[PDB]
Structure formats: structure tokens, C-alpha cells
*Asks:* 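What follows is a single structure, and I will ask about it in a moment.
Sequence lines set the chain letters: A, B, ... in the order given, protein chains first and strands last, and positions in each chain run from 1. Just so it is clear, the values below take in all heavy atoms, side chains as well, and ignore hydrogens, waters and symmetry mates. Note that ligands are numbered from 1 as they come in the structure, with each ligand's atoms numbered from 1 the same way.
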Amino acid sequence: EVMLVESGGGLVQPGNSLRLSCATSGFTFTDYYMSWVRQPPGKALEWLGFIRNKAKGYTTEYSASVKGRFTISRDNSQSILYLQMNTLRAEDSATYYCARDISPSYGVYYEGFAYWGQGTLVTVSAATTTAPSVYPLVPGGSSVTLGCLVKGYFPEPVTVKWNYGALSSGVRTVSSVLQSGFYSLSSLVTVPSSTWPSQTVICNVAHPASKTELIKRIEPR
Amino acid sequence: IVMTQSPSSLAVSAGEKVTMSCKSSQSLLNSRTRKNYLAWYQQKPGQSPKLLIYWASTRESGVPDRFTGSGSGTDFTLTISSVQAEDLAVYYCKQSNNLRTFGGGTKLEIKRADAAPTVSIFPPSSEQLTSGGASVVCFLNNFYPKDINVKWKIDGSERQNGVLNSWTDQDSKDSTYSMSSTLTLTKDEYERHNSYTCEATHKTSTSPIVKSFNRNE
Ligand SMILES: C/C=C\O[C@]1(C(=O)O)C[C@@H](O)[C@@H](O)[C@@H]([C@@H](CO[C@]2(C(=O)O)C[C@@H](O)[C@@H](O)[C@@H]([C@H](O)CO)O2)OC)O1
Ligand SMILES: [Mg+2]
């Protein structure tokens, strides 16, 4: 099972530097070029650069936009990829992906990124890392709609789950909105009225940047 | 190398055919390998990009017949024989002949039958009030098309300040939208009034859908 996992993301101050890592497993690391790809919120994918496999001498190439600013390296003993980011600006606020690139020297070779990490959001702002508050949404027939209103968190993102991911059906999560330097989103789930409150309904709001999880049990008025 | 995609976005109904363009400033034909180094990726909302076509026309393990990649040189195309609910995504082309360059993307949306929203209203929570905050939330669920309007009325009077609006991505199963409208007051503004009304206006009707509650309940 091929795995690509990004880390190091979060809030970083303008002018500063950040190092990202990309743990891997499930394939012969040194057989593959590895690439980094970034994506500003609501924008297109942008290739940043790659590092080549062993056979090619692990040489690096970068895109015009990031030359002299971003740097790629690899720990071949631990199968970890790295992205060194210097002198960050707001324009660098994006989700950063690591992707397995080609292996032209051994085994199957084709031109494509077969596997990607889940990506890590980097946001460059002088502001303050503040975990969100999670408020319940409950009514004042056969179905009932509930949810959690998530306000005052920074930076992005937050993810919301229900019943620790067991309740996946009828979930709607609106996009975030930014106001007065803070984010908020609300997530709702519709269930059969025979399910609640007779049974338990909980949302799990996760805010990576503060390494925080809030659980909120949805109770009747 | 410069990659240019087209159209930036389009909407078709389930079952319809679609064509997306991708153009590069230089040929992507590699004379040594004799293959075109262009790939198509699919990125669904909140998800990582996934490979569909590589070498211009070769479909990746798992991808259905419905997707076909054509073209050679500097002019390429992604075709979806018949679009389905799963296809909601931005589609990116990527040259890999000289390093790698992504196109700007094509967002694929689905046209579908108009549907009216189910509208709910939510009074503030005690724990938020406890902290001196009062968020009232009107939820509009599973409607189409996307444009929709909510008017807030407090004690019969229209309120416009302190209102935030947010949509979901088009749903991957029924292709609908939902949106929340939130009015945010201080615990003190809120306890100064009783009737809280949100009216939802949509093309599915002349008459707005109205949901209300009284703070004194
Ligand atoms: C001709 C240039 C390189 O040839 C060699 C090399 O000299 O190292 C040897 C060849 O047999 C072959 O292995 C090629 C590689 C080159 O791959 C890249 C690259 O590493 O720069 C990336 C690849 O995605 C593509 O961009 C090619 C490009 O189409 C031609 O250089 O370059 O074959 C994969 O390397
Ligand atoms: Mg070199």
C-alpha cells in the first residue's frame, strides 16, 4: 500500500521560513523522482520542483516562480521527502502536496503522478493561531436536521465529522467564511427523528493548526 | 512551457457529453520516446488530485471508459462520453516533457432539475449566549439552482448587518446545493427582541419560504 503523508503545515509569519516533510512507505523510495505541488485556496495546481531518483543522482529542478526561494531534499534512509521554504509571503499561502513522480530507471515507467499525499495547508499571516469554538445547532416530523456552528478560528482549516465518522450520510458542510480576521463554518446532518435524541449525535471539529479536537454532543433544548 | 486550459468552467446535465481543451506553448511530443507527455488529473472538492490519463491517451488503472484523452503536439482534449454525479471536479492538464507544468483547470458542474430548499432556523445555543454571543442560523438544504436569497426579519424589521452567507459544493450524489445564513449578534442585542424570522427566496416559487421562532420560548 503506497502512502504519502505531508507534515509541517500551519501558520507561519511573513518573512519567515518553513520546512515541510513527506513521509512515505509502500514502494522503493530511491527508485522514484519526487515532486512538490502547491495550490492556493480556490486556485490552480502549481508544480514547484522535483528531486530525481538515485540513478540520476538525486538532482533537483525548480519552477521559475520559486527558484532561489524553495528547496527540495530527501532522506533516503527514512524515505522522507522535504520542502525548504524561505522568505514566505502571503502569496505562498496554499495547500502543499507531495507526489510520487516517475521511475524511469527500474520497474514500471509512465509519465504521471500515480500517488499524492493528503496535502498540508500553509498559511502566511502575521495573525494569531486561535482554536475554534463549537456551538450546537438544534431546533427551537420524521426527520431532524442538526449541526455544529464553528466560529472564531485561525488559520484554516477545520474538518468536521459526525459520530467519529460513523454518521456520514446527509452531511452538509458549507465553505468557510472570513470576517474580522476569523473563520467560521457550520456543518449539518439530517437524521431520522427516531434516531435523535433517542440515540447519540456528536460532531468532531478538528483544527490542525492548534493541534486541537473539540467534541460536541448534540443535546435537546 | 505554458499550459492553457479551456473552458474555465462549464455545466452540463448528467448523461451529456463534454470536451475540455488543453494547450501548450511547445509541442509535448518527445522525439526519443515518441509519446506526448501530457496528463489529465481529477480533483474533487477537499480532495487530492487523481491521475486519469497519461501519455495523452492512456487511461490509468481503474478509470472508466467514459474518459478519453486525445491530441498530439500542442493541442489536447479530455472527453467524457457521458457525465455522471461523481464527475464534479476541476480537471487539470499537466505537461511533463520539460519539468512539469499544470494548466489553469476546467471545473465541471452539473445542470439538473430545479429543486426547492428545505429551510430550517436555529436559535442561539446557551453556551454561546453564556459567552455573550448570539448566532442565529437559517439553513437552506438541497436546492437548485445555486442563486438563492435570504431576508432576515427581527420583530418584523429587515436586518442586513451581521449576516454571513456560505454555500456547499455541489453535492456528489444529487448535484444540489445547501447554504447557511447566519445573523450574529451580542447576547444583549438578541435579548432586546423576540421574533426571529428568515425568509428564503428561490426561483422555485414566487412566495418565500418563511421560518421563525420567538426568543420567549
Ligand atoms: C535526454 C535527456 C535525458 O536522458 C536521460 C539522461 O541523460 O539522464 C537518459 C534517458 O535514457 C532517460 O532516462 C532520460 C529521462 C529524462 O527524464 C526527464 C528528466 O529527468 O529531466 C523527466 C521526464 O519527465 C521528461 O521531462 C524528460 C524529457 O522528456 C526529456 O529530457 O526529462 O527519461 C525519463 O534521462
Ligand atoms: Mg540537473
*Asks:* What part of B:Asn30, side chain from CB on, backbone N/CA/C/O, both or neither, has a heavy atom under 4.0 Å from ligand 1?
*Replies:* side chain

*Asks:* Only heavy atoms count here, so choose which of A:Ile102, B:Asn97, B:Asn98 is nearest to atom 28 (C) of ligand 1.
*Replies:* B:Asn97

*Asks:* How far is atom 34 (C) of ligand 1 from its nearest protein heavy atom, and which residue and atom name does that atom have?
*Replies:* A:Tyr109 OH, 3.3 Å

*Asks:* Among protein heavy atoms, which lies nearest atom 20 (O) of ligand 1, and at what distance?
*Replies:*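 The closest heavy atom on the protein side is A:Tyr33 OH, 2.6 Å.
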
*Asks:* Check whether the side chains of B:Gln95 and B:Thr101 place a donor and an acceptor atom closer than 3.5 Å, and report yes or no.
*Replies:* yes

*Asks:* Using a distance-only test with no angle check, is there a side-chain donor-acceptor pair under 3.5 angstrom linking A:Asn76 and A:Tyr58?
*Replies:*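 Yes, side-chain donor-acceptor contact under 3.5 Å.
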
*Asks:* Any idea which N/O/S atom from A:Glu61 gets closest to the Mg ion (ligand 2)?
*Replies:* OE2

*Asks:* Just how far is it from atom CG of B:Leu164 to atom OG of A:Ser184, taken to the nearest 0.5 Å?
*Replies:*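 If we round to the nearest 0.5 Å, B:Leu164:CG and A:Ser184:OG are 6.0 Å apart.
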
*Asks:* Measure across A:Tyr62 and A:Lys67 and return the closest heavy-atom pair with its distance rounded to 0.1 Å.
*Replies:*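 So the minimum-distance heavy-atom pair works out to O-CG, 4.2 Å.
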
*Asks:* By number and element, which atoms of ligand 1 are closer than 4.0 Å to a non-hydrogen atom of B:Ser96?
*Replies:* 23 (C), 24 (O), 25 (C), 26 (O)

*Asks:* Does the side chain of A:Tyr97 reach to within under 4.5 Å of the side chain of A:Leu45, using non-hydrogen atoms?
*Replies:*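 Yes, side chains in contact.
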
*Asks:* Got a protein heavy atom sitting under 4.0 Å from atom 24 (O) of ligand 1?
*Replies:* yes

*Asks:* Which residue holds the protein heavy atom closest to atom 21 (O) of ligand 1, what is that atom called, and what is the gap in Å?
*Replies:* A:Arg52 NH2, 3.2 Å

*Asks:* Is A:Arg74 close enough and on-axis enough to A:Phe29, meaning under 6.0 Å and within 45°, for cation-pi?
*Replies:*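 Relative to the ring axis of A:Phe29, which defines the angle, A:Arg74 lies inside both limits.
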
*Asks:* Are there over 12 heavy-atom neighbours, none belonging to B:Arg34, within less than 6.0 Å of that residue's CZ?
*Replies:*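 Count not over threshold, so no.
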
*Asks:* Would A:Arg19 count as a cation-pi partner of A:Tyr82, with NZ or CZ less than 6.0 Å from the six-membered ring centre and within 45° of the ring normal?
*Replies:*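 Because its charged atom sits under 6.0 Å from the ring centre and within 45° of the axis, A:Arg19 does stack over A:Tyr82.
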
*Asks:* List every atom of ligand 1 that sits less than 4.0 Å from any heavy atom of A:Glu111, numbering the atoms from 1 in the order shown and giving each element.
*Replies:* 23 (C), 24 (O), 25 (C)

*Asks:* Out of all atoms in ligand 1, which are within 4.0 Å of some heavy atom of B:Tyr37? Include the element for each.
*Replies:*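 What qualifies from ligand 1 is 25 (C), 29 (O).
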
*Asks:* Ignoring hydrogens, just give me the one of B:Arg100, A:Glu61, B:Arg32 whose non-hydrogen atom is nearest atom 1 (C) of ligand 1.
*Replies:*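 Selected option, by shortest heavy-atom distance: B:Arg32.
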
*Asks:* Would you call B:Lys44 and B:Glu86 a salt bridge, taking side-chain N to carboxylate O under 4.0 Å as the test?
*Replies:* no

*Asks:* Identify the protein heavy atom lying closest to atom 13 (O) of ligand 1, giving its residue, its atom name and the separation to 0.1 Å.
*Replies:* A:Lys56 NZ, 2.9 Å

*Asks:* Can you sort out which atoms of ligand 1 are near A:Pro104, meaning under 4.0 Å from one of its heavy atoms?
*Replies:*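 By the 4.0 Å cutoff, the relevant atoms are 34 (C).
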
